[PDB]
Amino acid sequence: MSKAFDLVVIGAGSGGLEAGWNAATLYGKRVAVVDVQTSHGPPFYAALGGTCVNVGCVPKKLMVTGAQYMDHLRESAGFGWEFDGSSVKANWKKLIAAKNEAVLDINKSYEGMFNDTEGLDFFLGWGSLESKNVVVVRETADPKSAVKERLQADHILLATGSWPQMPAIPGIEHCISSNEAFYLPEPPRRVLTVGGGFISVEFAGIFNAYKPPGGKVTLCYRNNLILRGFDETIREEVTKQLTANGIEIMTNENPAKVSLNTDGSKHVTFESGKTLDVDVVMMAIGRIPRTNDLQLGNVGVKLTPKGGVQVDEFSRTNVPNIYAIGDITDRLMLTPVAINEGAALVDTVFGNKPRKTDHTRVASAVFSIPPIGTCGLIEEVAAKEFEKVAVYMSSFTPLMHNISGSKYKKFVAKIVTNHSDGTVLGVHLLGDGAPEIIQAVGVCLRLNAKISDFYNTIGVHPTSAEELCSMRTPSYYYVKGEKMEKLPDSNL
């Protein structure tokens, strides 16, 4: 009578929802959506709306913004602003509540989005894969827990997102991930964030701003240089500016064991023998694809070398009617890329207008302090796949920071081109504005903009972004993969 579902979706995240909505309202398809919670927060943290809405994008930006105010208050003095210095208090409990109310607002809107949209229905619980055309809902992630639904499905979309990777050292239970950090009752006086990724960096600034008096945020990384994958000079610069803002950046170090002290603080021993006492130890060493609770062995879905789900240019798996999008694919773990993959999967299946999503030349940010903006390739990657590579550099200390009192806040801007046709292959910014600036740059790369298109554009003065139009000559080259300043005389 009610049949199956033209599509069932496991995980109602960024991609899960964009697919179920573009199907119930765009194609009148029957759609089911399974997620494990309706409101943000413990015990599962991520809930209806995805990691982005509950324990990622939205709540992180709000907290970084709140953390920027530490700099604002300090820098106002240069512009003549005075107020009781010793009376300032960074009220973390107040910040978390403001955030929680923002998140729950989105939780309810989506909560209502399902209650007035025929063909779109929400099923609370855990989704496991039974047959190649049946999704199993259970009260908990345990495969032997009670069942509440068995959703007959014509198409099955896997969109469970990803999960924080934890290492195998003694005392790892005394550690937290990004998940639990959003819900600390109090701000930690001493915090150690492990790893070098954007999550560890972004939370180092947040903790650094709301820490009570006498606190130290120590970031450790097992290798030499943090923010692996981002442009090099931006990496060293960001390291320098994190230090300036009081964060201890402790590279070439790795926790080896963690114990509790008589007061509940964590005692951390490293692989190099050095010890550190902190009140919180946050692991941010990577995000793995979230596939364990899916029972993908019941149907034989294939996984890549990394624990991720294998897919093609259309998000299809070996099983004919099973697709995967979002962070479960282990590709570009970004929200708009999951929204793009989801929207594309639908109108290629339920709309016979096949259009895939482009994974190259994608804009992304890193709301650190200072923030990062990037798009395209970095210079050392362009080298390994491009004849002649040009690099445009420019690192001015912004206008206002001679007054502000923050001379260290050096704004950086790199452009990377194929020197043959001058086509821009990358753009890398560091400094306030980088996230908002890079967005419109993403459109340019989608239009094959050559460098001439940039410096021949009239600037908007005075801005930081004008520095992208002010670079007319390379600072060095990458020819044959090698880096020398000058570019040796032709010779074919």
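For clarity, a rigid core is taken as the largest C-alpha set superposing within 1.5 Å between two forms. Note that residue numbering begins at 1 and tracks the sequence as displayed.
Undergrad: Consider 256 to 264 and 279 to 287 separately and indicate which one has Cα atoms farther, on average, from the shown form in 8 other deposited structures of this protein after rigid core alignment.
TA: Clearly, after the core fit, the stretch farther away in 8 other deposited structures of this protein is 256 to 264.
Undergrad: Can you check whether 350 to 358 or 92 to 100 lies farther from the displayed model in 8 other deposited structures of this protein, averaging C-alpha distances as RMS after superposing on the core?
TA: Output: 350 to 358, the stretch lying farther off on average in 8 other deposited structures of this protein.
Undergrad: As stated in the PDB record, which stretch has the larger average Cα B-factor, 347 to 355 or 123 to 131?
TA: Averaged over C-alpha atoms, the B-factors run higher in 347 to 355.
Undergrad: Once you work out the mean C-alpha B-factor for both 388 to 396 and 299 to 307 from the entry, which is higher?
TA: Per the PDB entry, the higher value belongs to 299 to 307.
Undergrad: Determine which member of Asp231, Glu236, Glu173, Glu149 has the highest CA B-factor, using the values in the deposited entry.
TA: Of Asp231, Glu236, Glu173, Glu149, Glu149 has the highest C-alpha B-factor.
Undergrad: Compare the CA B factors listed in the entry for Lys409, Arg287, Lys94, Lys144 and report the winner.
TA: The listed residue with the largest C-alpha B-factor is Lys144.
Undergrad: Split the chain's modelled residues into thirds by Cα B-factor; is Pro167 in the lowest, middle or highest one?
TA: Middle third by C-alpha B-factor.
Undergrad: Using the B-factors in the PDB entry, rank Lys414's C-alpha atom against the chain and give the third, lowest, middle or highest.
TA: According to the entry, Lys414 has a C-alpha B-factor in the chain's lowest third.
Undergrad: Is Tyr69 in the lowest, middle or highest third of its chain when residues are ranked by C-alpha B-factor?
TA: It belongs to the lowest third of the chain when residues are ordered by C-alpha B-factor.
Undergrad: Select lowest, middle or highest to describe the third in which the CA B-factor of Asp293 falls within its chain in this entry.
TA: For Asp293, whose C-alpha B-factor we compare with every modelled residue in the chain, the answer is the highest third.
Undergrad: Where does the C-alpha B-factor of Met333 rank in its chain, lowest, middle or highest third?
TA: According to the entry, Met333 has a C-alpha B-factor in the chain's middle third.
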